[PDB]
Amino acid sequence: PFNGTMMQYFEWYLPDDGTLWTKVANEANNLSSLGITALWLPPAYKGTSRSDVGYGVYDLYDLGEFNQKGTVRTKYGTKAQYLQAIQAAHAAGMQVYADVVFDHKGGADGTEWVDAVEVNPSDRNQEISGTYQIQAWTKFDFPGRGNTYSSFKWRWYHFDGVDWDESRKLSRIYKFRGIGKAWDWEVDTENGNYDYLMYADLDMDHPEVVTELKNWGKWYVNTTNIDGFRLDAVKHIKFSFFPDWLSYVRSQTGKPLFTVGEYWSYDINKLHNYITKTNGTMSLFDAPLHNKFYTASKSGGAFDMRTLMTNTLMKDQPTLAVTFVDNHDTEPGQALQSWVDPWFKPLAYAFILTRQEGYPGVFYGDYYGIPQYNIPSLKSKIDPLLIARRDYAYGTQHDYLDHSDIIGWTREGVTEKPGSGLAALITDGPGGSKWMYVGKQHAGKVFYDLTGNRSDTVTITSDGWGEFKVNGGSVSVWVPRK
């Protein structure tokens, strides 16, 4: 038995110093000893510039190897350093998930003239202009790479649209004209059709494009030996595309390739729609649960903690849910900003780390800190919870989400891991106590608070129950002493 634990190993405001790949190589041992079993690494290919975080993808085939966009290395380092990081992660017994950005392409080498029409930004099925010629950033020739690995050249007809006309300096949503040219479907229905997002938007209906992304998928897994994918911005990408893409790349590389997609919506039914449409071929980030943590942390104690799990992927589809507290898009200043307050953050990590539903992740920004906004590191509060997950969070779970402030759950432990077992309490309000069942196999044992928030102890009764306790606005994780 084991508890998988992933770590997203970057944040937005990292300096553009080309050191992240080296840091993975240096830290892989430490993180593994804490029970981290997988790293989600940022996009490793060349962006619109060297300080691009990776989501403005210029060349999928340039892993910090070719002189392109004014730099050889990416933000994170060179191609050689990227490979060493992956091998170090493997030597320490960790999987590696690579960020995959297929929705769009930016930083084109040149413009092309294209017949286009404006569509309504709030309803992309509604044309709001006539057809006219625009100058669109869609020519990709890759002067620094040549035909190495791939001789495919991208042009306007491989895309469905852009949001910038270079001749008139106009910013509108332009749909391209052409035989069969249309926004892709199925996609998210916010704004009527949410296929267009930014830069030059890929046409997943074009067979040349499907083929090229399949060839890149195979090439990339074989070049890097990565173990899986984090799929960026999947709600803006033809739903049927990734079932077909993943089954090609998995079977043509001989690898299972665990895959988590980022479907950003707090509407659980949209996530359920996407899982059924893609036949459960991938996990998804539990964005609704993130929204729960953010809301509870801002509600001054008035959140009903009995609803913390309701309408989350961790409640509804736990084996396809990847759980988290914050990520690079929820950071201060970002477009999805909804930063979980530091007082509540240890409570949210305890919830995803010591419970049996879902595949939890630790955020780099939470672990190491975000100096850009003077947010201090929470490593000293997260590490006890990882040790809880590594050693104690095993076996039958009993739920007590039964009070509007104080909620808890227990894990009984497993014979295969002697000394396992835990009882966790969190509260968004004043402290208190709660009786919970850990199992009569623990009768007489003394439990202590692994987080060190409390100095007292709890003795288990002859019937397997303990009256566990928590401070106000705090976490306690009670585990057996030895």
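Just count from 1 along the sequence shown to find any residue number.
Visitor: On average, are the C-alpha B-factors higher in 415-423 or in 57-65?
Guide: Comparing averages over the C-alpha atoms only gives 415-423.
Visitor: Compare the mean C-alpha B-factor of 129-137 with that of 378-386 as given in the PDB entry, and name the stretch with the higher value.
Guide: Per the PDB entry, the higher value belongs to 378-386.
Visitor: Out of 73, 104, 168, 181, whose C-alpha atom has the biggest B factor in the entry?
Guide: When the deposited C-alpha B-factors of 73, 104, 168, 181 are compared, 181 is largest.
Visitor: Compare the CA B factors listed in the entry for 312, 259, 269, 193 and report the winner.
Guide: Result of the comparison over 312, 259, 269, 193: 269.
Visitor: For residue 5, return the chain-relative third of its C-alpha B-factor as stated in the PDB record: lowest, middle or highest.
Guide: It belongs to the middle third of the chain when residues are ordered by C-alpha B-factor.
Visitor: By the record's CA B-factor, is residue 448 among the lowest, middle or highest third of residues in the chain?
Guide: Within its chain, residue 448 is a highest-third residue by C-alpha B-factor, going by the deposited values.
Visitor: Compared with the other modelled residues in the chain, in which third is the CA B-factor of residue 46?
Guide: It belongs to the lowest third of the chain when residues are ordered by C-alpha B-factor.
Visitor: Is residue 338 in the lowest, middle or highest third of its chain when residues are ranked by C-alpha B-factor?
Guide: According to the entry, residue 338 has a C-alpha B-factor in the chain's lowest third.
Visitor: Taking the C-alpha B-factors as the PDB entry records them, is residue 291 in the lowest, middle or highest third of its chain?
Guide: For residue 291, the deposited C-alpha B-factor lands in the lowest third.
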